[PDB]
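S.K.: Please find input.cif (mmCIF, C-alpha atoms and all ligand atoms) on the next line:
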data_target
#
loop_
_atom_site.label_atom_id
_atom_site.label_comp_id
_atom_site.auth_asym_id
_atom_site.auth_seq_id
_atom_site.Cartn_x
_atom_site.Cartn_y
_atom_site.Cartn_z
CA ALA A 461 0.00 0.00 0.00
CA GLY A 462 0.89 3.70 -0.24
CA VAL A 463 0.51 5.22 3.25
CA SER A 464 4.04 4.22 4.32
CA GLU A 465 3.88 0.63 5.64
CA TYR A 466 7.28 -1.04 5.15
CA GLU A 467 9.14 1.80 3.38
CA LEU A 468 11.90 3.89 5.00
CA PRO A 469 10.69 7.51 5.53
CA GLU A 470 13.43 9.51 7.27
CA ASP A 471 12.58 12.56 9.40
CA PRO A 472 13.40 15.97 7.78
CA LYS A 473 13.42 19.68 8.63
CA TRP A 474 11.24 20.32 5.55
CA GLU A 475 8.24 18.45 6.96
CA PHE A 476 5.05 20.48 7.42
CA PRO A 477 1.98 19.76 9.63
CA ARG A 478 -0.66 17.83 7.66
CA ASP A 479 -3.18 19.78 9.76
CA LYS A 480 -2.97 23.22 8.16
CA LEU A 481 -2.49 21.86 4.64
CA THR A 482 -5.89 21.65 2.92
CA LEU A 483 -6.13 20.08 -0.55
CA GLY A 484 -8.41 21.57 -3.21
CA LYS A 485 -8.77 21.62 -7.01
CA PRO A 486 -6.16 19.79 -9.16
CA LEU A 487 -4.01 21.80 -11.57
CA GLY A 488 -3.96 20.96 -15.29
CA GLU A 489 -3.08 17.40 -16.34
CA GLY A 490 -0.42 14.94 -15.15
CA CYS A 491 2.87 14.81 -17.06
CA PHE A 492 4.79 15.36 -13.81
CA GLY A 493 2.19 13.70 -11.55
CA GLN A 494 -1.05 14.40 -9.66
CA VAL A 495 -0.58 18.03 -8.60
CA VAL A 496 -3.29 19.70 -6.50
CA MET A 497 -3.98 23.28 -5.41
CA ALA A 498 -3.52 23.15 -1.63
CA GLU A 499 -3.83 25.86 1.03
CA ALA A 500 -1.15 25.62 3.73
CA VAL A 501 -1.10 27.94 6.76
CA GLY A 502 2.19 29.41 8.00
CA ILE A 503 4.88 28.06 5.66
CA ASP A 504 7.09 31.16 5.24
CA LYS A 505 8.72 30.84 8.69
CA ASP A 506 8.00 34.59 8.85
CA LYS A 507 4.25 34.76 8.17
CA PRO A 508 2.62 32.22 10.58
CA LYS A 509 -1.15 32.04 11.07
CA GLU A 510 -0.96 33.64 7.60
CA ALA A 511 -2.46 31.10 5.19
CA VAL A 512 -0.92 30.58 1.74
CA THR A 513 -1.86 28.91 -1.55
CA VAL A 514 0.50 26.07 -2.55
CA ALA A 515 0.67 23.10 -4.94
CA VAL A 516 1.10 19.48 -3.84
CA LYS A 517 1.94 16.13 -5.46
CA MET A 518 -0.26 13.31 -4.17
CA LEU A 519 -0.07 9.79 -5.64
CA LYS A 520 -2.36 8.30 -8.28
CA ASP A 521 -5.11 5.70 -7.83
CA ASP A 522 -3.16 3.00 -9.70
CA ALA A 523 0.00 3.69 -7.69
CA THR A 524 2.92 1.30 -7.10
CA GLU A 525 6.12 1.04 -5.04
CA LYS A 526 7.91 2.54 -8.05
CA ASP A 527 5.31 5.32 -8.34
CA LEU A 528 6.13 6.19 -4.72
CA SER A 529 9.88 5.50 -4.58
CA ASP A 530 10.20 7.74 -7.65
CA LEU A 531 8.42 10.64 -5.91
CA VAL A 532 10.72 10.56 -2.87
CA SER A 533 13.80 10.49 -5.12
CA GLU A 534 12.31 13.52 -6.90
CA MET A 535 11.59 15.25 -3.58
CA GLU A 536 15.28 14.66 -2.82
CA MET A 537 16.35 16.30 -6.10
CA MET A 538 14.15 19.37 -5.55
CA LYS A 539 16.18 19.82 -2.34
CA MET A 540 19.61 19.29 -3.97
CA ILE A 541 18.88 21.70 -6.85
CA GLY A 542 18.64 24.63 -4.41
CA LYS A 543 16.49 27.76 -4.67
CA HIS A 544 16.05 30.04 -7.71
CA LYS A 545 13.59 32.79 -8.63
CA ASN A 546 12.74 31.50 -12.12
CA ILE A 547 12.10 27.89 -11.04
CA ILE A 548 9.43 26.22 -8.90
CA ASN A 549 11.17 25.14 -5.69
CA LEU A 550 10.27 22.75 -2.89
CA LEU A 551 8.29 24.77 -0.34
CA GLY A 552 7.63 21.94 2.14
CA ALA A 553 6.52 18.31 2.56
CA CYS A 554 4.33 15.95 4.61
CA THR A 555 6.34 12.73 4.82
CA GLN A 556 5.98 10.67 8.00
CA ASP A 557 2.84 9.38 9.76
CA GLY A 558 0.50 9.29 6.77
CA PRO A 559 0.43 9.77 2.95
CA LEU A 560 3.33 11.46 1.14
CA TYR A 561 2.58 15.02 -0.02
CA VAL A 562 5.15 17.26 -1.72
CA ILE A 563 4.49 21.02 -1.45
CA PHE A 564 5.83 23.36 -4.17
CA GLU A 565 5.25 26.99 -5.16
CA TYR A 566 1.82 27.87 -6.55
CA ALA A 567 1.44 30.17 -9.56
CA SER A 568 -1.67 32.38 -9.57
CA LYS A 569 -1.37 32.88 -13.33
CA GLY A 570 -1.62 29.86 -15.65
CA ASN A 571 0.90 28.45 -18.14
CA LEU A 572 2.63 30.98 -20.41
CA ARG A 573 0.87 29.61 -23.51
CA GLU A 574 -2.56 30.52 -22.13
CA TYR A 575 -1.21 33.64 -20.37
CA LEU A 576 0.38 34.92 -23.59
CA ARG A 577 -2.75 33.89 -25.53
CA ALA A 578 -4.84 36.23 -23.34
CA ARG A 579 -2.44 39.20 -23.33
CA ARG A 580 -2.09 39.74 -27.09
CA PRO A 581 -3.42 42.52 -29.39
CA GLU A 595 -6.49 43.36 -21.95
CA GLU A 596 -3.00 43.79 -20.46
CA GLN A 597 -1.46 44.18 -23.94
CA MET A 598 2.03 42.68 -23.82
CA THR A 599 4.56 45.37 -24.73
CA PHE A 600 7.58 43.88 -26.54
CA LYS A 601 9.44 45.28 -23.51
CA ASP A 602 7.57 42.71 -21.40
CA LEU A 603 8.23 39.89 -23.90
CA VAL A 604 12.01 40.24 -23.49
CA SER A 605 11.93 40.20 -19.67
CA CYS A 606 10.05 36.89 -19.77
CA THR A 607 12.75 35.37 -22.00
CA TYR A 608 15.60 36.70 -19.85
CA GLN A 609 14.05 35.33 -16.64
CA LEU A 610 13.60 31.81 -18.01
CA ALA A 611 17.06 31.77 -19.61
CA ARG A 612 18.73 32.67 -16.29
CA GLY A 613 16.68 29.96 -14.57
CA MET A 614 17.57 27.51 -17.36
CA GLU A 615 21.18 28.54 -16.67
CA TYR A 616 20.74 27.81 -12.95
CA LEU A 617 19.07 24.46 -13.73
CA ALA A 618 21.98 23.76 -16.10
CA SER A 619 24.51 24.44 -13.31
CA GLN A 620 23.34 21.49 -11.19
CA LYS A 621 23.16 19.31 -14.33
CA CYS A 622 19.40 18.79 -14.66
CA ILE A 623 17.62 18.21 -17.98
CA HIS A 624 14.19 19.57 -18.88
CA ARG A 625 11.70 16.88 -19.89
CA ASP A 626 9.30 19.06 -21.88
CA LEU A 627 10.53 22.67 -22.11
CA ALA A 628 7.30 24.22 -23.39
CA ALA A 629 5.16 27.23 -22.44
CA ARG A 630 2.58 24.76 -21.07
CA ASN A 631 5.33 23.40 -18.78
CA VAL A 632 6.26 26.92 -17.62
CA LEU A 633 4.33 29.03 -15.11
CA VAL A 634 3.72 32.65 -14.12
CA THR A 635 3.24 33.80 -10.52
CA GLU A 636 0.86 36.54 -9.38
CA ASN A 637 4.09 38.58 -9.27
CA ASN A 638 4.57 37.72 -12.98
CA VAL A 639 7.91 36.01 -12.31
CA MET A 640 8.40 33.30 -14.94
CA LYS A 641 8.89 29.93 -13.24
CA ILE A 642 10.17 26.87 -15.12
CA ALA A 643 8.55 23.52 -14.34
CA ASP A 644 9.66 20.19 -15.90
CA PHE A 645 13.16 19.77 -14.42
CA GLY A 646 11.61 16.67 -12.82
CA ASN A 662 3.85 10.46 -18.70
CA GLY A 663 2.09 11.57 -21.91
CA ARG A 664 2.84 12.21 -25.60
CA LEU A 665 6.35 13.21 -26.69
CA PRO A 666 6.97 16.89 -27.66
CA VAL A 667 8.71 16.26 -30.98
CA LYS A 668 8.49 19.85 -32.24
CA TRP A 669 10.45 21.10 -29.21
CA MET A 670 13.12 18.42 -29.75
CA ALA A 671 16.35 18.88 -31.69
CA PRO A 672 17.48 16.64 -34.60
CA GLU A 673 20.05 14.75 -32.50
CA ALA A 674 17.56 14.34 -29.64
CA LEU A 675 14.84 13.25 -32.08
CA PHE A 676 17.21 10.65 -33.61
CA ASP A 677 19.60 9.54 -30.84
CA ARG A 678 16.98 9.79 -28.07
CA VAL A 679 19.46 11.16 -25.53
CA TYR A 680 19.11 14.73 -24.26
CA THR A 681 21.86 17.23 -23.48
CA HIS A 682 22.22 20.96 -22.76
CA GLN A 683 22.76 21.54 -26.49
CA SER A 684 19.38 19.88 -27.06
CA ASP A 685 18.04 22.10 -24.26
CA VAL A 686 19.35 25.22 -26.01
CA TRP A 687 17.35 24.10 -29.05
CA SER A 688 14.25 23.56 -26.90
CA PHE A 689 14.77 27.07 -25.50
CA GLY A 690 15.05 28.40 -29.06
CA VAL A 691 11.66 26.78 -29.70
CA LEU A 692 10.33 28.17 -26.42
CA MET A 693 11.46 31.63 -27.57
CA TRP A 694 9.53 31.29 -30.84
CA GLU A 695 6.55 30.16 -28.74
CA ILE A 696 6.91 33.36 -26.65
CA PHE A 697 7.27 35.94 -29.44
CA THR A 698 4.46 34.30 -31.42
CA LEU A 699 2.35 34.70 -28.26
CA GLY A 700 1.40 31.06 -27.66
CA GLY A 701 1.65 29.64 -31.18
CA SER A 702 1.83 26.17 -32.74
CA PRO A 703 5.38 25.07 -33.76
CA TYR A 704 5.81 23.93 -37.39
CA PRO A 705 2.05 24.56 -37.74
CA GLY A 706 0.97 22.09 -40.43
CA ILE A 707 4.06 19.93 -41.01
CA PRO A 708 3.18 16.25 -40.33
CA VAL A 709 5.27 14.78 -37.51
CA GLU A 710 6.40 11.89 -39.73
CA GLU A 711 8.42 14.21 -42.02
CA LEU A 712 9.41 16.93 -39.51
CA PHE A 713 12.79 15.32 -38.80
CA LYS A 714 13.53 15.08 -42.54
CA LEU A 715 12.84 18.81 -42.97
CA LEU A 716 15.06 19.73 -39.99
CA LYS A 717 17.71 17.31 -41.27
CA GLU A 718 17.59 19.30 -44.54
CA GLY A 719 17.60 22.72 -42.85
CA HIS A 720 13.93 23.72 -42.40
CA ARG A 721 13.82 26.39 -39.69
CA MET A 722 10.79 28.28 -38.38
CA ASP A 723 10.18 31.63 -40.08
CA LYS A 724 10.69 34.88 -38.16
CA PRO A 725 7.89 35.81 -35.70
CA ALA A 726 5.99 39.07 -36.25
CA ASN A 727 7.10 42.16 -34.30
CA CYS A 728 10.30 40.26 -33.42
CA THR A 729 13.66 41.93 -34.01
CA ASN A 730 16.09 40.23 -36.41
CA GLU A 731 18.71 39.95 -33.64
CA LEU A 732 16.23 37.90 -31.57
CA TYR A 733 15.28 35.87 -34.66
CA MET A 734 18.99 35.22 -35.26
CA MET A 735 19.51 34.00 -31.68
CA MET A 736 16.67 31.48 -32.05
CA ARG A 737 18.27 30.20 -35.26
CA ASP A 738 21.63 30.09 -33.46
CA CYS A 739 19.91 27.89 -30.86
CA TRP A 740 18.69 25.83 -33.83
CA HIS A 741 22.24 25.29 -35.14
CA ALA A 742 22.64 21.81 -36.64
CA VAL A 743 25.92 20.92 -34.90
CA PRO A 744 25.32 20.87 -31.10
CA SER A 745 28.64 22.62 -30.42
CA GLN A 746 28.24 25.96 -32.20
CA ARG A 747 24.83 26.43 -30.55
CA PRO A 748 24.88 29.27 -27.96
CA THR A 749 25.88 28.63 -24.35
CA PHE A 750 23.22 29.26 -21.70
CA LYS A 751 25.45 32.02 -20.32
CA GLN A 752 25.95 33.25 -23.90
CA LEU A 753 22.17 33.67 -24.21
CA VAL A 754 21.72 35.19 -20.73
CA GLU A 755 24.36 37.85 -21.41
CA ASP A 756 22.95 38.73 -24.85
CA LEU A 757 19.41 38.97 -23.45
CA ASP A 758 20.43 41.29 -20.59
CA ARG A 759 22.27 43.58 -23.04
CA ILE A 760 19.20 43.69 -25.30
CA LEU A 761 17.01 44.47 -22.29
CA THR A 762 19.17 47.40 -21.13
CA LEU A 763 18.38 48.89 -24.57
CA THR A 764 14.56 48.96 -24.49
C1 LIG A 801 1.17 17.92 -19.47
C2 LIG A 801 -0.03 18.83 -19.43
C3 LIG A 801 -0.18 19.63 -18.16
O1 LIG A 801 -1.29 20.02 -17.78
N1 LIG A 801 0.97 19.94 -17.50
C4 LIG A 801 1.07 20.63 -16.28
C5 LIG A 801 2.21 21.36 -15.94
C6 LIG A 801 2.26 22.08 -14.76
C7 LIG A 801 1.18 22.09 -13.88
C8 LIG A 801 1.19 22.92 -12.66
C9 LIG A 801 2.16 22.99 -11.64
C10 LIG A 801 3.25 22.11 -11.44
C11 LIG A 801 4.20 21.48 -11.22
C12 LIG A 801 5.46 20.87 -10.95
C13 LIG A 801 5.55 19.46 -10.61
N2 LIG A 801 6.72 18.87 -10.37
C14 LIG A 801 7.79 19.64 -10.47
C15 LIG A 801 7.83 21.00 -10.80
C16 LIG A 801 6.62 21.63 -11.05
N3 LIG A 801 9.14 21.45 -10.81
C17 LIG A 801 9.84 20.39 -10.51
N4 LIG A 801 9.09 19.27 -10.28
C18 LIG A 801 9.57 17.94 -9.93
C19 LIG A 801 1.79 24.01 -10.75
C20 LIG A 801 2.28 24.54 -9.53
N5 LIG A 801 3.37 24.08 -8.91
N6 LIG A 801 1.62 25.57 -8.97
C21 LIG A 801 0.53 26.03 -9.60
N7 LIG A 801 -0.02 25.63 -10.74
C22 LIG A 801 0.63 24.61 -11.29
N8 LIG A 801 0.30 23.97 -12.46
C23 LIG A 801 -0.82 24.33 -13.29
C24 LIG A 801 0.01 21.45 -14.27
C25 LIG A 801 -0.04 20.71 -15.44
#
Transcribe the structure of this file into C-alpha cells.
M.R.:
Amino acid sequence: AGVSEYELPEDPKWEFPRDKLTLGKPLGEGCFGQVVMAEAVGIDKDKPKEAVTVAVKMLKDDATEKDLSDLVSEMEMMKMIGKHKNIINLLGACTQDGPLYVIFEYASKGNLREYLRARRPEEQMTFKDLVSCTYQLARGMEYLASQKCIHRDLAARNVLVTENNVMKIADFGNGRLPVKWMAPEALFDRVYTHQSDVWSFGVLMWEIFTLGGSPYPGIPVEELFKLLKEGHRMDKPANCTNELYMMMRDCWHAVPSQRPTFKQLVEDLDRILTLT
C-alpha cells in the first residue's frame, strides 16, 4: 500500500503539519504527476497564522512502489537543486505518519501559452515585457543547467507565471512526446543534453514571441525530422527583431557545439534588455 507501511521515511526539517495543509482543485493534467492546489497555513517561517496557496503532489489511484519510490527520489532532487527565482522550488513536505505530499510553489497565473494567448493585441504585452520573460527563463535555465538537470518538456505549457509575474520553469523533474520542441540529434539519438536544451529554449522563444503559437504549424510529424535534417527552420515571428530571430536560429544550429551557451544567451538577453 501507499501510506508508508514497510518503506523507510526519514525525518526531515522540511516536513510540514498535515493539519494546516488543505487540498483543493487539481491543476492541469499529469505529465509530472497528480498536482493539486492546496492551502497551507504558516509556511514562510516569517508569516505564521498567515495562510498561503500552494501546490502538492499526491499519488495516483493505480500507484505502485515505483510510483512512490520515484516521488521521494524527486523530492530529494528538488532539495539538492537549491532555490532560484525562475524555477518552482520545494516549499515543504508531509512525509511521516500518513500519505506522502510534496508542497511546491503555486502560480496564480496559468501556463505561459494561455497567459500569452490572453495578453495579445487586456494587459497588452509590450515587446518590452516579452524580453523580460525570455531573460528570466534563460537565467533559470542557466541555474538548472549548473546542477546538471535536464528539462523533460521545455514548453510554455510546462512553464508558469506567478501573481508577481515572475516566470517559473517547471519540468526539471507520462504523456505524448513533444517532438516539435526536440532537436534533430535528440529526435534521432533519443538522448538529451544541454545543447538539445538550447534548441528547446530556441523553440520556447519562438513560442513566446508568437504569443502562444503552434510550432511547425501544419508539417506532419512523420516528415518533420527530414525537414530539420535538410535545414527547415521556423520563419521569423511578427514584431520580433532580427537579432532575436537570429539567436533562435543560433539555438537551432545543426551541430550541437556551435549552438549558444546558456550564459551566452543570458548575457545577450540582458544587453538587449538594457536597450529597451
Ligand atoms: C502535461 C499537461 C499539463 O497540464 N501539464 C502541467 C504542468 C504544470 C502544472 C502545474 C504545476 C506544477 C508542477 C510541478 C511538478 N513537479 C515539479 C515542478 C513543477 N518542478 C519540478 N518538479 C519535480 C503548478 C504549480 N506548482 N503551482 C501552480 N499551478 C501549477 N500547475 C498548473 C500542471 C499541469
S.K.: Name the residues in contact with residue 496 of chain A at a cut-off of 9 Å, using all atoms listed in the file, excluding same-chain residues fewer than 3 positions from it; report them as an NGL selection string.
M.R.: :A and (483-488 or 514-518)
S.K.: From (1.3, 30.2, -23.5), in the file's coordinates, out to 7 Å: which residues are reached, counting all atoms listed in the file? Answer as an mmCIF file with C-alpha atoms, in the coordinates of the input.
M.R.:
data_model
loop_
_atom_site.group_PDB
_atom_site.id
_atom_site.type_symbol
_atom_site.label_atom_id
_atom_site.label_comp_id
_atom_site.auth_asym_id
_atom_site.auth_seq_id
_atom_site.Cartn_x
_atom_site.Cartn_y
_atom_site.Cartn_z
ATOM 1 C CA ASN A 571 0.900 28.450 -18.140
ATOM 2 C CA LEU A 572 2.630 30.980 -20.410
ATOM 3 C CA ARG A 573 0.870 29.610 -23.510
ATOM 4 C CA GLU A 574 -2.560 30.520 -22.130
ATOM 5 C CA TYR A 575 -1.210 33.640 -20.370
ATOM 6 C CA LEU A 576 0.380 34.920 -23.590
ATOM 7 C CA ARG A 577 -2.750 33.890 -25.530
ATOM 8 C CA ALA A 629 5.160 27.230 -22.440
ATOM 9 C CA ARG A 630 2.580 24.760 -21.070
ATOM 10 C CA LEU A 699 2.350 34.700 -28.260
ATOM 11 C CA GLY A 700 1.400 31.060 -27.660
#
S.K.: Give as a list in words the set of residues within 10 Å of the point (1.8, 15.7, -14.3), where distances use the file's coordinates and only C-alpha atoms.
M.R.: residues 487, 488, 489, 490, 491, 492, 493, 494, 495, 517, 631, 644, 646, 662 and 663 of chain A
S.K.: Write out as a VMD selection string which residues come within 12 Å of residue 563 of chain A when counting only C-alpha atoms, dropping same-chain ones fewer than 6 positions away.
M.R.: chain A and resid 474 to 478 481 to 483 494 to 500 503 512 to 518 531 535 538 to 539 548 to 555
S.K.: Name all residues at most 10 Å from residue 542 of chain A (count all atoms listed in the file; drop same-chain ones fewer than 5 positions away) and give them as an MDAnalysis selection string.
M.R.: chainID A and resid 537 547 549:550 616:617 620
S.K.: Let me see the file: selected residues, C-alpha atoms, as an mmCIF file, keeping the file's coordinate frame.
M.R.:
data_model
loop_
_atom_site.group_PDB
_atom_site.id
_atom_site.type_symbol
_atom_site.label_atom_id
_atom_site.label_comp_id
_atom_site.auth_asym_id
_atom_site.auth_seq_id
_atom_site.Cartn_x
_atom_site.Cartn_y
_atom_site.Cartn_z
ATOM 1 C CA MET A 537 16.350 16.300 -6.100
ATOM 2 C CA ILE A 547 12.100 27.890 -11.040
ATOM 3 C CA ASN A 549 11.170 25.140 -5.690
ATOM 4 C CA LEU A 550 10.270 22.750 -2.890
ATOM 5 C CA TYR A 616 20.740 27.810 -12.950
ATOM 6 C CA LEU A 617 19.070 24.460 -13.730
ATOM 7 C CA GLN A 620 23.340 21.490 -11.190
#
S.K.: Step by step, gather every atom of ligand LIG 801 (chain A) that the file lists, find the box along x, y and z that holds them, add 6 Å on each side, and finally give centre and edge lengths in Å to one decimal, as lines of an AutoDock Vina configuration file.
M.R.:
center_x = 4.3
center_y = 22.0
center_z = -14.2
size_x = 23.1
size_y = 20.1
size_z = 22.6
S.K.: Enter the distance from atom CA of residue 502 of chain A to atom CA of residue 636 of chain A, in Å, rounded to one decimal.
M.R.: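 These two atoms are separated by 18.8 Å.
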S.K.: Rank A:566, A:598, A:471, A:464 by their smallest atom-to-atom distance to residue 524 of chain A, using all atoms listed in the file, and report the top residue only.
M.R.: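 Answer, going by the shortest atom-to-atom distance: A:464.
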